[PDB]
Amino acid sequence: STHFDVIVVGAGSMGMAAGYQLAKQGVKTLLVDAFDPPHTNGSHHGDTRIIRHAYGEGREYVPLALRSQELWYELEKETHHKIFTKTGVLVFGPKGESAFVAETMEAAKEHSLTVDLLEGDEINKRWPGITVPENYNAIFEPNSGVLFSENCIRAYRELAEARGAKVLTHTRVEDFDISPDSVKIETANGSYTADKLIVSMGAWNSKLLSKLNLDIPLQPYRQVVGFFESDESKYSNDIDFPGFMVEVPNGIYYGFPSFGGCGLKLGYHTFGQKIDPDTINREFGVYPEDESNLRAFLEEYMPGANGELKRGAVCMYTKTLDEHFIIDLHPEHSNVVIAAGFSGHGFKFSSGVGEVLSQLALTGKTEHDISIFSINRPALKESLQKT
Ligand SMILES: *Cc1cc2c(cc1C)nc1c(=O)[nH]c(=O)nc-1n2C[C@H](O)[C@H](O)[C@H](O)COP(=O)(O)OP(=O)(O)OC[C@H]1O[C@@H](n2cnc3c(N)ncnc32)[C@H](O)[C@@H]1O
Ligand SMILES: [Cl-]
Ligand SMILES: [Cl-]
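With the first letter of the sequence shown counted as 1, position 104 gets the number 104 in the entry's author numbering; the numbers rise by one all the way through.
Structure, rendered in structure tokens:
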């Protein structure tokens with residue numbers, strides 16, 4: 001019975017940000033989510049998320065990283081929820097043996113980002129609690145840091161709803177019916193129509209995009225993290241222990257300083273179980289790798305934080321073949337915007353993506369350069385399920 005200007009399916013990290021940007025402009029928006037964001041069934045829980053500017057995944061992400069940072073500061077001033085803490089972000093690895101470290105330094109140089117460069121014992125000297133080999137080098141970004149992801153989504157939601165946005169919770173979208181001049185969604189709670197559609201279902205994009213005649217390789221991964229009882233005199237944000245993302249022989253790890261004594265949080269990025277969001281086991285510890293992969297890191301590089309496991313969380317990445325995002329219009333429907341495959345590193349950009357999605361939905365174009373996120377790029381292996 002009711003139409004909308006724009007309908008956002010999946011009101012999570014990207015969708016809720018888009019909802020806020022749309023509502024902010026008086027655009028009558030309906031956001032539909034299978035749950036009640038923020039929640040623990042998607043990819044945004046775990047309390048915290050790292051934001052980096054000097055981007056090791058590729059220096060082309062910097063502009064979006066910087067715009068997103070400015071938007072996070074703006075959100076901080078608009079809500080009572082805590083949004084960002086400037087812990088700084090440390091990146092280290094074996095000298096000359098880390099592509100991630102190399103690209104980070106290059107990204108820094110190329111965009112004139114403020115960073116500190118140090119090696120070996122200088123790393124251990126500066127940050128009691130971190131022990132790396134003499135052959136290790138590092139780049140520290142003082143001004144990037146940590147975002148409180150659940151708070152971000154919560155704030156964007158409260159703000160969007162206050163502006164008129166409608167949020168239909170616990171309602172899973174089951175199908176799509178797209179037309180030349182309108183879009184329609186089917187749910188158990190009723191059907192809804194609008195002029196434009198934004199699709200941002202996270203891990204579920206790998207299962208439901210086929211409903212839009214899109215055949216794109218997207219693989220969901222089970223990715224856990226653990227909070228460990230740590231030596232507060234070394235790992236507390238209060239004593240300036242930084243957030244970090246590093247690359248050692250067996251891969252890439254990321255962590256957060258202890259906030260208010262919650263313990264240092266650590267996650268292993270490189271490995272994760274291939275899963276389906278509908279059958280994934282969300283209990284931490286069911287796989288021996290969950291806790292063992294983390295402690296193996298701590299015992300070697302941050303021994304003082306290898307205490308009791310205080311809490312474990314299970315979350316998901318949705319990877320593309322090239323690990324770059326998908327942000328573009330549906331190849332056959334200019335009134336349909338797709339946001340998918342953030343491959344484990346998209347939260348920091350959610351504020352900026354919200355803006356991009358808003359622009360694409362309203363005008364079919366964006367001021368941002370998102371060519372590398374094209375849904376038609378060859379490295380993606382995208383195609384229609386039947387042309
Ligand atoms: C998992 C993970 C990810 C992660 C990270 C640590 C872990 C353990 N650390 C990060 C970090 O330090 N820095 C960073 O920049 N990113 C980091 N990430 C990745 C980031 O969290 C993800 O890229 C991000 O959350 C992706 O956002 P997206 O918006 O894609 O996913 P979501 O937040 O899960 O939202 C999807 C929503 O859509 C809903 N949904 C799903 N299916 C439906 C249907 N059928 N109908 C309606 N709604 C649907 C979900 O309920 C969800 O809310
Ligand atoms: Cl997490
Ligand atoms: Cl992801």
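Backbone N, C-alpha and C fix where the C-beta goes; we use that ideal spot for every residue, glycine too.
Could you check the C-alpha separation between residue i and residue j for me, to the nearest Å?
i, j, result
"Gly346", "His3", "31 Å"
"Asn41", "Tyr253", "22 Å"
"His324", "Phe227", "28 Å"
"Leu212", "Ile239", "50 Å"
"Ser13", "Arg282", "19 Å"
"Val183", "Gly202", "20 Å"
"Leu264", "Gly190", "44 Å"
"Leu168", "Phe256", "33 Å"
"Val91", "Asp47", "21 Å"
"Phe148", "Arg49", "6 Å"
"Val6", "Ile198", "8 Å"
"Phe259", "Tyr235", "9 Å"
"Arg163", "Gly364", "23 Å"
"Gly261", "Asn376", "46 Å"
"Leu159", "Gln25", "12 Å"
"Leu31", "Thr171", "10 Å"
Let me know the secondary structure DSSP gives residue i once reduced to three states.
i, result
"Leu31", "strand"
"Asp322", "coil"
"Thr187", "strand"
"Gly26", "coil"
"residue 412", "In the structure as shown, the chain begins at 1 and stops at 387. Residue 412 is therefore absent and cannot be evaluated."
"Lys348", "helix"
"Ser210", "helix"
"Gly202", "helix"
Please classify residue i as buried or exposed, where buried requires at least 16 neighbouring CB atoms within 10 angstroms.
i, result
"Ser350", "buried"
"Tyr73", "exposed"
Tell me whether the beta-carbon of residue i lies closer than 8 Å to the beta-carbon of residue j.
i, j, result
"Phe140", "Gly88", "yes"
"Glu229", "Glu308", "yes"
"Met302", "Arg157", "no"
"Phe84", "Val146", "yes"
"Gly344", "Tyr317", "yes"
"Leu362", "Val9", "no"
"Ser374", "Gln21", "no"
"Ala54", "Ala108", "yes"
"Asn335", "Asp121", "no"
If you drop the 5 nearest sequence neighbours on each side, which residues of the same chain put their C-beta closer than 7 Å to that of residue i?
i, result
"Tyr287", "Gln273"
"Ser98", "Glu247"
"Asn151", "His81, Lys82 and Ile83"
"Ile372", "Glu60 and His324"
"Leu360", "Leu329, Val337 and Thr366"
"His44", "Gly12, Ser13, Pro38, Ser149, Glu150, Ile153 and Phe347"
"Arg222", "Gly272, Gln273, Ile275, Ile280, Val314 and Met316"
"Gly354", "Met14, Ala17, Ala18, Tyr20 and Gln21"
Near residue i, what residues of its chain come up, given a Cβ to Cβ distance below 8 Å and the 5 sequence neighbours on each side ignored?
i, result
"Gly93", "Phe100, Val101, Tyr136, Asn137, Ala138, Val246, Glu247 and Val248"
Ignore the nearest five residues each way along the sequence and tell me which others in residue i's own chain have a CB closer than 6 Å to its CB.
i, result
"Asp290", "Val224 and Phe284"
"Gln385", "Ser210, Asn213 and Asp215"
"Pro217", "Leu321 and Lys381"
"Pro220", "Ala203, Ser206, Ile275, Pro277, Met316 and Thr318"
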